[PDB]
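Those protein sequence lines, which keep their order, are chains D, C and A. Residue 4 is where the first sequence starts when you use the entry's author numbering, and the numbers rise one by one after that. Residue 12 is where the second sequence starts when you use the entry's author numbering, and the numbers rise one by one after that. Residue 1051 is where the third sequence starts when you use the entry's author numbering, and the numbers rise one by one after that. In what follows, a structure is listed as structure tokens, so that the remarks can point back to it.
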Amino acid sequence: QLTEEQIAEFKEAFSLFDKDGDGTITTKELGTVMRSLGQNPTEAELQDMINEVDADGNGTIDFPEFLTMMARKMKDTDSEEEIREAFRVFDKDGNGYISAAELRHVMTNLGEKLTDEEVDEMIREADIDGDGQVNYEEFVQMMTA
Amino acid sequence: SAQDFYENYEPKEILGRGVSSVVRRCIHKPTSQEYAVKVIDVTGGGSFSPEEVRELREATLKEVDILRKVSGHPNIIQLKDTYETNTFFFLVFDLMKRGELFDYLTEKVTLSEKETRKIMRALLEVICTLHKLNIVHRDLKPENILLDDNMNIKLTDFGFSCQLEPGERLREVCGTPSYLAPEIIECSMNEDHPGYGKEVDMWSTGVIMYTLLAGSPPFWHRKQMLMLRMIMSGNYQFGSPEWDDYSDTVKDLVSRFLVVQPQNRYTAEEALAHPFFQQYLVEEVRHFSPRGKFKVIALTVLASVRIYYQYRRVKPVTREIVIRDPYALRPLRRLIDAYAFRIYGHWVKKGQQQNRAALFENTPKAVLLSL
Amino acid sequence: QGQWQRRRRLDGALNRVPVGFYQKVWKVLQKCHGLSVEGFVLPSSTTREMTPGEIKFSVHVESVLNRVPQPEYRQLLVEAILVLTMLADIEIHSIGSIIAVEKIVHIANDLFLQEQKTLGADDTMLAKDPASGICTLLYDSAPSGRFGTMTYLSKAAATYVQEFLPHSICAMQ
Ligand SMILES: C/C=C(\C)CC/C=C(\C)CCC=C(C)C
């Protein structure tokens, strides 16, 4: 039921996770990402974290494995918390509105260089209510979509 | 002749046993390469009447045929050559140092998601080759599945297989009871149903999924016919606490093979197209609309946040949770299953009265003794 | 009698034990002072006295395990011993005292009693074994599962460690 699209979205997310084109995401790589997004967990934490997802995998997450997590295993509460968390991860300001520049802040963090207008467009494409901001309601509506 | 057998191979040790067929390891003298030989006693110690003696040969003569129709394929054994005598029928094939999947499933009670994926990835890709050549197996049990030192699946015992004429559907009941598709029994209990086709293998493969990931058959109970009504009706449950820890992508693909109606079953070609068996090919452009990019970056965040959240959730093992409910949480439940199969792993064998589900009690005694 | 009652009267009457169980009792006894069955102790002094692989040690563990006459109860003791072994690995601390392998089955019989009463078992189905004191259904119960014999014995192998070990730390899951 995950569409060709959805599977593809999970795949590009897996790409954003691994800088090396390893075909795997290492404990170190995840880390580079979490710190990229500002959550700096213990190298040990990471080991456990990659372990919870894989259990064999020697500290590397794989994509077939990755999708397994990104498929909505999440409970409404569980996802809700998460959906919320990302949203915060999105707003360093924590103002509660998604800056076009804030989107850039995240990408810049994930090392993807994308056009400035395109970014505005990214929000604009998805933006009706928040002209220039994606409201959280927009975010949740969007994720399910 | 037997001289032709010993001019090329020399049997060293006994590898396995069967009802009338014995698997024996051999050395190929010209090549010094390890090979397995299955040694079927045609006369069967005198118990076989001339009909069964003839029928076993015709079954064996047919058996060479299918194994001669499929060759060079990575995940089915290669019948290197076959020798027939008046009292035996020798078949030499590849040596699999490790035993059947049943023996492996006994060692590891619950087989992990990563391991089963390539296991069946081969099996489904095995199933594609059989269906493309139009040959059904009707016998896809894990004891029919052999594994090598790299864990690669070698589907074995196409003893019950038969090539359907284009658009023909069989009626004979061939197969041990648990792994029989619903219309197998229905054709056994009715004449109107004109038969079953190549979709039979899909149900049997989907059964391995429930057995490998949970250590029990989807439908099992100690009397014979009761299992059958669970099959044709199709009452299966991803029961708790066992089946809740696995990812949701597992469940849907299990139901697809387990649908009772054959035409709606999930054929092998599209079976490999379900999200589980999708593979990460590094060199993909993967172009996306600006909404598509925004999801990816959001999903990339949503993933990282998720992984931290899921882990934070795992409850360390404490004294109390052991007292209240051991099975409920994964690490202790997998342990109880593991030391369940170390004590009574000899009590699991092939058949109905020796299946793995006999080692699991997932229902209250009262409901078990309700009728 | 029953399926597993015939698979436990055939598993504890032949003294069939899993591979390395005699090599696993050695590890557990080093974390304890002994292992008592029907009030016959197998002390930790045996661990130093014979090696884990010594067959003389296998006799000592075996000799203690035939202090129960009924075969089916012995296998209950056998897998009860292993649920200490698997709980011993998780627990960092040592109990430092005697453990009655028999009792762990008994409250496991008692705790097997309570759950079935709550779920709808009648007094008829939960009938006592005349000599052992275990429910006949517990003998027939499967090893693993939500309501298996070694889930209740993985359950009662913790309440006994409650009284002997006031504080416990479980790690490595
Ligand atoms: C983590 C275990 C939790 C409840 C069970 C209690 C464990 C024990 C009570 C002692 C038995 C064995 C010891 C080997 C050293």
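For each residue, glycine too, the CB sits at the ideal point set by N, CA and C.
Inter-residue spacing [alpha-carbon to alpha-carbon] between residue i and residue j
i: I25(C); j: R1196(A); result: 39 Å
i: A74(D); j: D168(C); result: 37 Å
i: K108(C); j: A47(C); result: 9 Å
i: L1115(A); j: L157(C); result: 39 Å
i: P252(C); j: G1198(A); result: 13 Å
i: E295(C); j: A368(C); result: 44 Å
i: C173(C); j: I146(C); result: 6 Å
i: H1083(A); j: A1158(A); result: 23 Å
i: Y338(C); j: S1113(A); result: 32 Å
i: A377(C); j: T1168(A); result: 10 Å
i: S18(D); j: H39(C); result: 49 Å
i: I64(D); j: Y257(C); result: 16 Å
i: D51(D); j: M213(C); result: 37 Å
i: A129(D); j: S39(D); result: 24 Å
i: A349(C); j: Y355(C); result: 10 Å
i: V271(C); j: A284(C); result: 21 Å
i: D79(D); j: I164(C); result: 39 Å
i: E46(D); j: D159(C); result: 36 Å
i: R65(C); j: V265(C); result: 40 Å
i: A1171(A); j: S381(C); result: 10 Å
i: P193(C); j: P1193(A); result: 30 Å
i: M1222(A); j: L343(C); result: 11 Å
i: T118(D); j: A11(D); result: 21 Å
i: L1126(A); j: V1155(A); result: 7 Å
i: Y17(C); j: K23(C); result: 12 Å
i: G83(C); j: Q89(C); result: 7 Å
i: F1071(A); j: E210(C); result: 46 Å
Whether residue i touches residue j by CB criterion (8 Å)
i: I308(C); j: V137(D); result: no
i: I1149(A); j: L1085(A); result: yes
i: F287(C); j: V261(C); result: yes
i: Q363(C); j: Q235(C); result: yes
i: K152(C); j: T127(C); result: no
i: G1052(A); j: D1190(A); result: yes
i: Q42(D); j: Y322(C); result: no
i: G245(C); j: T121(C); result: no
i: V50(C); j: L67(C); result: no
i: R182(C); j: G208(C); result: no
i: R132(C); j: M72(D); result: no
i: residue 390(C); j: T216(C); result: Since the first residue shown for chain C is 12 and the last is 382, residue 390(C) is missing from the structure and cannot be characterised.
Start-to-end residues for the alpha helix (DSSP H) that takes in residue i
i: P342(C); result: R341 to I354
i: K129(C); result: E124 to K143
i: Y1123(A); result: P1121 to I1140
i: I242(C); result: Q235 to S244
i: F1107(A); result: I1105 to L1115
i: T278(C); result: From DSSP, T278(C) is part of no alpha helix (DSSP H); its letter is neither H nor E.
i: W1054(A); result: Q1053 to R1058
i: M1222(A); result: Segment: none, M1222(A) is in no alpha helix (DSSP H) and carries neither H nor E.
Reduced DSSP category for residue i - H, G, I as helix; E, B as strand; rest coil
i: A1063(A); result: coil
i: residue 5(C); result: This structure cannot speak to residue 5(C), because chain C is shown only from 12 to 382.
i: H39(C); result: strand
i: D81(D); result: helix
i: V1091(A); result: strand
i: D114(C); result: helix
i: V325(C); result: coil
i: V34(C); result: strand
i: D92(C); result: strand
i: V1069(A); result: coil
i: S1194(A); result: strand
i: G27(C); result: strand
i: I1184(A); result: coil
i: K95(D); result: coil
i: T1174(A); result: coil
Segment limits, beta strand (DSSP E) that includes residue i
i: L157(C); result: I156 to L158
i: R127(D); result: From DSSP, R127(D) is part of no beta strand (DSSP E) but of the alpha helix (DSSP H) over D119 to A129.
i: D1160(A); result: Element bounds for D1160(A): not the beta strand (DSSP E) but the alpha helix (DSSP H), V1151 to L1169.
i: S1086(A); result: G1084 to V1087
i: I164(C); result: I164 to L166
i: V48(C); result: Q44 to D52
i: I53(D); result: Unbroken run through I53(D) is the alpha helix (DSSP H), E46 to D57; no beta strand (DSSP E).
i: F100(C); result: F99 to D105
Residue i: CB within 7 Å of a non-hydrogen atom of ligand 2
i: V1211(A); result: Inclusion of ligand 2 in the displayed structure is not the case, the ligand content consisting of ligand 1 alone.
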